[PDB]
2 protein chains.
Amino acid sequence: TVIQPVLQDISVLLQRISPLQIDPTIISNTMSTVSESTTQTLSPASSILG
Amino acid sequence: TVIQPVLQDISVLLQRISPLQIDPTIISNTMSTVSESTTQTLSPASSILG
């Protein structure tokens, strides 16, 4: 309990100072591929997204 | 899912131009003249049609 605020508060500080932005859609749109229907449902592209 | 609809498009185009016609009754006619005994448990002709 003594440690937890220190680590968490600094983490927020880093987020609200860094120019880096985390945009998950970069992963999403770059897949934009899907296996066909007659074959088994398991597919690697869909599996990783889940 | 983008290439499979394409393959379908050629299929109908081939169907329009091809003189070949599939008539399944050919198989039935020749199978109807096979000789076998009625006391057998298994019937090869019946099986293949199934």
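Quick reminder, even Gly has a Cβ in these numbers, built from the backbone with ideal geometry, and neighbours come from all protein chains shown. No lab work stands behind these numbers, since they all come straight from the coordinates.
How many residues does segment B:1-27 hold that are closer than 24 Å to B:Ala45 by Cα and either surrounded by 10 or more Cβ atoms within 10 Å (Cβ to Cβ) or basic (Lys, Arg) (or both)?
Total satisfying the criteria: 1.
Do you know which residues across segment A:28-43 are surrounded by 10 or more Cβ atoms within 10 Å (Cβ to Cβ) and β-branched (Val, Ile, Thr)?
Of everything in segment A:28-43, those that are surrounded by 10 or more Cβ atoms within 10 Å (Cβ to Cβ) and β-branched (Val, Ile, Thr) turn out to be A:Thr33, A:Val34.
Residues in segment A:8-19: is at least one of a type in the set (D, E, K, R) and closer than 25 Å to B:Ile3 by Cβ?
no
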